[PDB]
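Structure first, commentary second.
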Amino acid sequence: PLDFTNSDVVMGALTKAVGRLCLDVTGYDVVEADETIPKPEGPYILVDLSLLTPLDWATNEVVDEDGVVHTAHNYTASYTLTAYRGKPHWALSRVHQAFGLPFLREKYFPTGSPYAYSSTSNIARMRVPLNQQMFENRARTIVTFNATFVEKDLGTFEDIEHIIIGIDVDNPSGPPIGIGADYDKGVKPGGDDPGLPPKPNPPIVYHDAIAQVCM
Amino acid sequence: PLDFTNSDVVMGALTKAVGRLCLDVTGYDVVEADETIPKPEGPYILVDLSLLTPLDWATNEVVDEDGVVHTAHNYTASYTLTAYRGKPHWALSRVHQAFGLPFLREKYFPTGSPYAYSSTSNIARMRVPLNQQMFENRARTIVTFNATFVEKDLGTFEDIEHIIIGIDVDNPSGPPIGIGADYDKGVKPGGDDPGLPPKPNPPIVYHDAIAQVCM
Amino acid sequence: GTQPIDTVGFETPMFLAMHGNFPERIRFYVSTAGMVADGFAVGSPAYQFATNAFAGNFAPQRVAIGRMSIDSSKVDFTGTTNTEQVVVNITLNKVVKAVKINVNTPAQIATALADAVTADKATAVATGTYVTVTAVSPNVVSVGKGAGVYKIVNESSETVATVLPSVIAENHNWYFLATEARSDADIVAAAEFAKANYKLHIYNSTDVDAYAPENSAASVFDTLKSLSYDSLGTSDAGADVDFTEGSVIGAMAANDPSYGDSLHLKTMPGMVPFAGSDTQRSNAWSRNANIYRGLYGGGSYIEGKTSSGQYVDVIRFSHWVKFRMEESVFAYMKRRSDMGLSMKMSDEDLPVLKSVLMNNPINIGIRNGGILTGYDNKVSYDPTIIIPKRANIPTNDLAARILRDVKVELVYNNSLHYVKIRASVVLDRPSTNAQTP
Amino acid sequence: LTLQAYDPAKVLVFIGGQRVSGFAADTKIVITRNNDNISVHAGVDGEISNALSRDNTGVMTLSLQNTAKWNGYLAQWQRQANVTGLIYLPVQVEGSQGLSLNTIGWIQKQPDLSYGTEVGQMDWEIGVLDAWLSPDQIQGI
Amino acid sequence: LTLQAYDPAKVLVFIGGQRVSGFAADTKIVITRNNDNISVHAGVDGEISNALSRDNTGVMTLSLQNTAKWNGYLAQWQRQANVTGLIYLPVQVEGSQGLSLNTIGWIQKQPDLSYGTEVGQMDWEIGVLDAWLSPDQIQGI
Amino acid sequence: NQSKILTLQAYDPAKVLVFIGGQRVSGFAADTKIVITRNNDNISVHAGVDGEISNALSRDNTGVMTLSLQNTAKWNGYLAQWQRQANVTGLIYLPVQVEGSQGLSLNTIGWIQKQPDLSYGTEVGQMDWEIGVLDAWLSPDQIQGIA
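Chains as they are written, first to last, in the authors' numbering: chain F, 4 to 218; chain P, 4 to 218; chain S, 16 to 118, 122 to 138, 144 to 399, 402 to 455, 459 to 465; chain Q, 8 to 148; chain G, 8 to 148; chain H, 3 to 149.
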């Protein structure tokens, strides 16, 4: 019943978050590298998940109700953006500045989300010949994001229901004394003994004297 | 009779340990580089033992019953993983996080095993054209493991059964005094002489006085 | 199915008296006034025991009293001599009385005691050397000691070997064990129950076979010696009328075994100095019948040995370690489970028992000096803890969810008892090697 | 007979009864003593005499990622002790193959917290009231 | 249940009531204490006794680009206080996931200003009158 | 070693209370709060020519107590007024008390013996008031287990 959002969900939703912010700021059209289609008409941007870096040691462990363990790891995903016509260098820059606008981020990067923005690389403008007739304007940049991935274990170990301890007290008056100790899940050491009587709270009464001394 | 597990056993079992954990986590199919077969159908992973690094000076020496010597050396083996279809970058990542799950590791990397996990490299996602029609998704990573290799010597030297020592004491009253000393395996210096009598433990008796003084 | 006691129980002594003053099988008091309110007659057995227990230097905080069905009392003058106003205290159903007999022979005194027939419900029956007092179904009677030279004896239809399994089931939060019955069968039954339930059995006896020559004897001390139990026995003259087990307990109930302290010389108020001669002392020391010798104007216990020759303090220390480890492990395992973080059976969790056990039970002993530490020979005395790995646990134990073969080792740091000197007086004083050995 | 390989994942740290988790890459911990074992007094003519050291405190560093949940626990424990005066908690370390340790200790100084473009690091300084390493886990000692 | 990812943009600094903006790249801030928590006195025979630290001041560095508008505010506040004698202002910090802080403090020393071919940096030293970190924002503490 | 911890609760200097005249002192200096000393040693030894030794018991037990306060503290005012009060009216004595958090206490009467040296500079100064205490026997009452 203690569910979560595994890696597959976070990773897939990060692409769409980048896709919507690029569309909503620059006004260009967007496309991914996952499947190929004939080149669209007009300026557009291409999104690719070029690289992914892990961080070695897990930062948190969440124990299910039944004992299963969910482990959380920090990551960093890098996206390669490319803008293909119009003023591509201008288009990419407005994407960069978008991460500094508070209201715009809150739509797609709400507080508590499993991914965040980290930094950006240099924006390089390029000219590429086409059919040996024309030079096409382009650009390229790499945007680095933070993330956190959670995965669920494949089982649990047994609980400790009963513990048995052997004790040996070496002494000089005779042979060592062997004696054992034991623990059980529901057996209190004292049973349910009430214990010593408590110190009572005196009842609230009226006093005539601010400070009275009586022998 | 004092046997062990030489290098050949450890090295071959490390591959299968990696193979089972990849199969049991990602759900993909697995294949090695050792022998070539027609490419399987569906997503799958390729395993390769790319590199192996030694550590110069042996860390332990175990002497057989008869005197033969077994030497232990630390190593580090690097495996190159490649995932060929589906969401390869997702598949490799789940392999990385698997090493942080306690129960899953215990199946294949039990305490006391001769190999262990060390670290992981960056996961790079790639697109490769095929037949000039389609782009195929792939990925690549390098996983570094620790290991320890043991090998057995090819013989032993003879024991020291008899030692003869020559001694010369130069002195001014005359020519130097020559005298020898010797050792033999079973000859005690004192034979079996009982030595001086021991101090007896007095027997346990009753005492009337806590502290008694007698002249 | 012995359930574990806790720290408070480790100090509570239980006395198995005969009475009917409360319906329950056991009750706890913090002073003799509560017992007085419950209708116990001043000078009664349980009252004497409670007074002695509270009168010690290391007195316990609370005392538990058991119940064994009473049938009829006895006021015995047989074998006594009296030249003083005999007085007997009697409490009837919350009504407190006093009885007086003047001056004469014990038989005449016993006969004259039949005058206890006024303002009564209860009945009195003289028999020439003792008076048998029997109550009636709705009446409750408590008979207590006074100024006379006599001893009060009670009888019951039950037996210890059948009463005790009821008291323990009712409540188990007590450590020491004592009883009013003084027959050999009752004493042996108490010893056998205590040794099986990990409880310390105490008793005082007045049998002269303790003094009897070592050549041969058939005393309860000797029977326990043969059976090799751990009951702590002592020979006292006034035991049968004062129940001095309370005084013995009052000198050892409060001091914790972490100090390794023994019982050798502790003063016990209420005890009467031993009277026999040195030969009798030597005889008694053979049977492990400890005595309370009066020395240098004061009283002092002697050597506190148990039935099987072992010292009392080592036994008590082992029991204390057992109970403390049980309590500490339970506490830690319960705190771990209050959160959803229960201890699993894996190699990543098992080691913590080392610190858990080092903290509460063991480190206190090492601090206070009860546990020996250091280096010997080629051995060290440091306590050691060994824990198995998951690979070594049998599959059946995994299925049953049980951990076995956790082992501990310690060394006890005993105290000193005797000292001997070789003084010499001379009118004057008498090889010079001066070479380093 | 199979000799162990150094397993970095089986190096355990138990503080107060629980197990620490969420370390930063590279060195998980470092253990260092504070004083020299023996003090040697050398005479004019060459006589030598030795003194045994009776101060055996140490220091243990603990590298934790600043997003670790265990930062909150140490921060709470630190402030609690400053008010009540109860500062000691059990400390235990294990080695896959190496030298263990098992004593009591306290949080000595507050690390340095810095915020940037990537998940950082905090290095706590845990004082340990004794610093004797143990061969418990060595396979064959 | 979705665990947070460290968001560098939600690390907030409020000085005097307003929010600081215009940081330089990399480390936005750094928080460091001045003294050790506990002072340990060790005897000849090994007796140990501890003393609680009653000086809890810290220091917080603040990296700002030299074109930031917030340089003017700090420069004005610094000079004002030197004349009037009123030096304290509230200081509060937040962590996306990390240890917060909420106390009062003052501007300690004037940073170093340097001019070159590119927009530089100024590192202010803000004294904080208490330096206890808090687990408020940790998700689960 | 952990078996010789001399203080199981850290020594907190703020627990040391000082009351003069019934009001709690506050505003102390940087390093040392108080210092208590005697003037005369406990007994006098008169040793004869041949080694005969005899001892005498002292009857002057007066001591001196120093009280470090920052010169910006408010309590400097109360002491300064008190000096003039006693100089004219002739009432000098005033109850003094000290609480030994984990040490020795003190409870007696005392008076201001001298006034400190007031100095002004680039740093907040300090003042060392001398409160002569009539009787200076330290009390172990705060310590438990004193048989």
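In this text, a Cβ means the ideal position worked out from N, Cα and C, and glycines have one as well.
*asked:* Rounding to the nearest angstrom, what Cα-Cα distance links P:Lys188 and P:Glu164 in this structure?
replied: For the purposes of this step, residue 188 of chain P is taken as residue 185 along the second sequence, with counting starting at 1. For the purposes of this step, residue 164 of chain P is taken as residue 161 along the second sequence, with counting starting at 1. Looking at the two C-alpha atoms, the distance is approximately 6 Å.
*What first and last residue would you give for the alpha helix (DSSP H) that runs through F:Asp11?*
Counting from 1 along the first sequence, the entry for residue 11 of chain F is found at position 8. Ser10 to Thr29 is the extent of the alpha helix (DSSP H) around F:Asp11.
*What does DSSP give as the partner residues of F:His165 in its beta bridges?*
Here residue 165 of chain F is taken as the residue at index 162 of the first sequence, counted from 1. Its beta-bridge partners are F:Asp187 and S:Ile427.
_Check for me: the alpha helix (DSSP H) holding S:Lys89 runs from which residue to which?_
Here residue 89 of chain S is taken as the residue at index 74 of the third sequence, counted from 1. Premise fails: S:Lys89 lies in the beta strand (DSSP E), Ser87 to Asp91, not in any alpha helix (DSSP H).
*asked:* Considering only the alpha carbon of each residue, which of Q:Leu108, Q:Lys116, Q:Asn57 and Q:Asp52 lies closest to Q:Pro97?
replied: Translated into positions along the fourth sequence, residue 97 of chain Q becomes position 90. Nearest option by C-alpha distance: Q:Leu108.
*How is H:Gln83 classed by DSSP in three states: helix, strand or coil?*
Along the sixth sequence, read from residue 1 onward, the residue named residue 83 of chain H stands at position 81. Residue state, collapsed to three classes: helix.
*Interfacial residues, the stretch 51–71 of chain F to chain S, with Cβ spacing under 7 Å*: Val66, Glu68 and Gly70
*Within the same chain, show all residues whose beta-carbon is closer than 6 Å to that of P:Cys25, passing over the 5 residues directly before and after it, in chain order.*
Translated into positions along the second sequence, residue 25 of chain P becomes position 22. The answer, listed in chain order, is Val33, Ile48 and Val98.
*Taking the Cβ atom as the reference point for each residue, do F:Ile170 and S:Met348 lie within a distance shorter than 9 Å?*
Reading the first sequence from its first residue, position 167 is the one you call residue 170 of chain F. Reading the third sequence from its first residue, position 325 is the one you call residue 348 of chain S. The answer is yes: Cβ separation under 9 Å.
*Quick one: what's H:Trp131 bridged to in DSSP?*
Locating residue 131 of chain H in the sixth sequence gives position 129, where the first residue counts as 1. Paired residue(s): H:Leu69.
*asked:* Using 9 Å as the threshold, is the C-beta distance between S:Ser251 and P:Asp211 below it?
replied: Here residue 251 of chain S corresponds to residue number 228 of the third sequence, with the count starting at 1. Here residue 211 of chain P corresponds to residue number 208 of the second sequence, with the count starting at 1. Their beta carbons are not under 9 Å apart, which means S:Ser251 does not touch P:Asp211 by this criterion.
_Distance, Q:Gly134 Cα to Q:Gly23 Cα_ = Reading the fourth sequence from its first residue, position 16 is the one you call residue 23 of chain Q. Reading the fourth sequence from its first residue, position 127 is the one you call residue 134 of chain Q. In a straight line, the C-alpha of Q:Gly23 is about 14 Å away from that of Q:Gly134.
*Counted within 10 angstroms of its Cβ, other Cβ atoms place P:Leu107 as buried (16 or more) or exposed*: By 1-based counting over the second sequence, the position of residue 107 of chain P is 104. It counts as buried.
*Give the DSSP-derived three-state secondary structure of P:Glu64 in the structure shown.*
The residue given as residue 64 of chain P occupies position 61 in the second sequence. Strand.
*Along the beta strand (DSSP E) that carries Q:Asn41, what are the first and last residues, could you check?*
Counted from its first residue, the fourth sequence places residue 41 of chain Q at position 34. It is not in any beta strand (DSSP E) - Q:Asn41 carries neither H nor E in the DSSP assignment.
*Grab the span of the beta strand (DSSP E) containing P:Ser121 for me, first residue to last.*
Here residue 121 of chain P is taken as the residue at index 118 of the second sequence, counted from 1. Element bounds for P:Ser121: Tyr118 to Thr123.
*Nearest neighbour of G:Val20, chosen from G:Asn41, G:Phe30, G:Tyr13 and G:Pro142 [CA to CA]*: Taking the fifth sequence and counting its residues from 1, the one referred to as residue 20 of chain G is at position 13. Measuring from the Cα of G:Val20, the nearest candidate turns out to be G:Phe30.
_Own chain partners of F:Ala61 with C-beta closer than 7 Å, once the 5 adjacent residues on each side are dropped_ = Along the first sequence, one-based indexing puts residue 61 of chain F at 58. Closer than 7 Å at the Cβ level, and outside the excluded window around F:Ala61, lie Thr74, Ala75 and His76.
_Going by beta-carbon coordinates alone, are S:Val111 and S:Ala56 separated by less than 9 Å?_
Counted from its first residue, the third sequence places residue 111 of chain S at position 96. Counted from its first residue, the third sequence places residue 56 of chain S at position 41. In this structure, S:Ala56 lies closer than 9 Å to S:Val111 by Cβ.
*If the cut is a Cβ gap below 9 Å, which residues of chain Q does H:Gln4 touch?*
Position 2 of the sixth sequence, counting from 1, holds the residue named residue 4 of chain H. Residues of chain Q passing the Cβ test: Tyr95, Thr110, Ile111, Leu136 and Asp137.
*When burial is assigned at 16 or more other CB atoms within 10 Å of the CB, is residue 195 of chain G buried or exposed?*
No answer is possible for residue 195 of chain G: the residues shown for chain G start at 8 and end at 148.
*Under a Cβ-count criterion, where at least 16 other Cβ atoms within 10 Å of its own Cβ denotes burial, should F:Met137 be classed as buried or exposed?*
Here residue 137 of chain F corresponds to residue number 134 of the first sequence, with the count starting at 1. Flag for F:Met137 reads exposed.
_I'd like to know if G:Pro15 contacts chain F, where contact means its C-beta is closer than 9 Å to some C-beta of that chain._
Here residue 15 of chain G is taken as the residue at index 8 of the fifth sequence, counted from 1. It does: the Cβ of G:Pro15 has a partner Cβ on chain F nearer than 9 Å.
*Kindly identify the DSSP beta-bridge partner or partners of H:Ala58.*
Residue 58 of chain H sits at position 56 when you count from the first residue of the sixth sequence. The partner list for H:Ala58 (beta bridge, DSSP) reads H:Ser46.
*Please go through the same chain and pick out, in chain order, the residues whose beta-carbon is closer than 7 Å to the beta-carbon of H:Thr34, but skip the five residues on each side of it.*
For the purposes of this step, residue 34 of chain H is taken as the residue at position 32 of the sixth sequence. These residues qualify, in order along the chain: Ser70.
*For F:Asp32, which residues does DSSP report across the bridge?*
The residue given as residue 32 of chain F occupies position 29 in the first sequence. According to DSSP, which records beta bridges pairwise, F:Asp32 is partnered with F:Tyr47.
*Would you say Q:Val126 reaches chain G, if we count a Cβ-Cβ gap shorter than 9 Å as a contact?*
What you label residue 126 of chain Q is simply residue 119 of the fourth sequence in a count that begins at 1. Closer than 9 Å: yes.
_At least 3 beta-carbon pairs within less than 8 Å: the stretch 26–46 of chain P vs the stretch 123–135 of chain P_ = no
*Out of curiosity, what's the CA-to-CA distance linking H:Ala49 and H:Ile38?*
Position 47 of the sixth sequence, counted from the start, is the residue given in the question as residue 49 of chain H. Position 36 of the sixth sequence, counted from the start, is the residue given in the question as residue 38 of chain H. About 31 Å.
*Cα-Cα separation between P:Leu55 and F:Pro175, rounded to whole angstroms*: For the purposes of this step, residue 55 of chain P is identified with residue 52 of the second sequence, where counting begins at 1. For the purposes of this step, residue 175 of chain F is identified with residue 172 of the first sequence, where counting begins at 1. When rounded, the distance between both Cα atoms is 58 Å.
_Local Cβ density within 10 Å of S:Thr257, reported as buried at 16 or more and exposed below that_ = Numbered from its first residue, the third sequence carries residue 257 of chain S at position 234. It counts as buried.
*If you draw a straight line from the C-alpha of G:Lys17 to the C-alpha of Q:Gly123, how long is it?*
Within the fifth sequence, residue 17 of chain G is the residue found at index 10, counting from 1. Within the fourth sequence, residue 123 of chain Q is the residue found at index 116, counting from 1. Distance between the alpha carbons of G:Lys17 and Q:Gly123: 11 Å.
*If you draw a straight line from the alpha carbon of G:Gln128 to that of S:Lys377, how long is it in whole angstroms?*
Residue 128 of chain G sits at position 121 when you count from the first residue of the fifth sequence. Residue 377 of chain S sits at position 354 when you count from the first residue of the third sequence. So the two alpha carbons sit approximately 53 Å from each other.
_As assigned by DSSP and simplified to three states, the class of F:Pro57_ = Residue mapping note: residue 57 of chain F aligns to position 54 of the first sequence, counting from 1. Strand, per DSSP.
_Residue from P:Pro4, P:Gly15 and P:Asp196 whose Cα sits closest to the Cα of P:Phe152_ = Working through the second sequence from its first residue, we reach residue 152 of chain P at position 149. Ranking P:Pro4, P:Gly15 and P:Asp196 by Cα distance to P:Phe152 puts P:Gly15 first.
*Run of the beta strand (DSSP E) containing Q:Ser121, from where it starts to where it stops*: Position 114 of the fourth sequence holds residue 121 of chain Q. Its beta strand (DSSP E) spans residues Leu120 to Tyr122.
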